[PDB]
Amino acid sequence: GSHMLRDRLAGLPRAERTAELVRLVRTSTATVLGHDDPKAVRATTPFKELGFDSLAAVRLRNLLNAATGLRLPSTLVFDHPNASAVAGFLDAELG
């Protein structure tokens, strides 16, 4: 942010949003497994490994919803190879 810092700051553009949702996704996801430790979680981490199939995959979308507010896809956990991606899908779903 330059010049229009204030705006940017109190504007949180897509960037911040994407980077924002991401952080959330990470936790949100990890939260599914049953832990609140993102440190042990990356953005390029495969959900599968995280431990997602259906139940956990469901909880995600559910929580993810709170990240967006729409009826996110249930196959996201599948269409999404990693969190980094999840962010996009959400972003694309938001815009």
# chains A, B, ... in the order shown; residues from 1 in each chain; ligands from 1
call {"tool": "select_by_dssp", "arguments": {"residues": "chain A", "states": "alpha helix (DSSP H)", "output": "number ranges by chain"}}
result
A: 5-9, 14-33, 47-51, 55-68, 76-79, 83-94
call {"tool": "residues_around", "arguments": {"residues": "residue 70 of chain A", "least_positions_apart": "2", "cutoff": "12 Å", "atoms": "only C-alpha atoms", "output": "ChimeraX atom specification"}}
result
/A:61-68,72-74,89-95
call {"tool": "residues_around", "arguments": {"residues": "residue 37 of chain A", "least_positions_apart": "5", "cutoff": "12 Å", "atoms": "only C-alpha atoms", "output": "list in words"}}
result
residues 23, 24, 26, 27, 28, 29, 30, 31, 32 and 42 of chain A
call {"tool": "residues_around", "arguments": {"residues": "residue 1 of chain A", "least_positions_apart": "2", "cutoff": "12 Å", "atoms": "only C-alpha atoms", "output": "MDAnalysis selection string"}}
result
chainID A and resid 3:13 15:16
call {"tool": "atom_distance", "arguments": {"atom1": "atom CA of residue 75 of chain A", "atom2": "atom CA of residue 35 of chain A"}}
result
22.8 Å
call {"tool": "closest_residue", "arguments": {"among": "A:71, A:22, A:17, A:57", "to": "residue 41 of chain A", "atoms": "only C-alpha atoms"}}
result
A:22
call {"tool": "closest_residue", "arguments": {"among": "A:43, A:77, A:25, A:85", "to": "residue 56 of chain A", "atoms": "only C-alpha atoms"}}
result
A:77
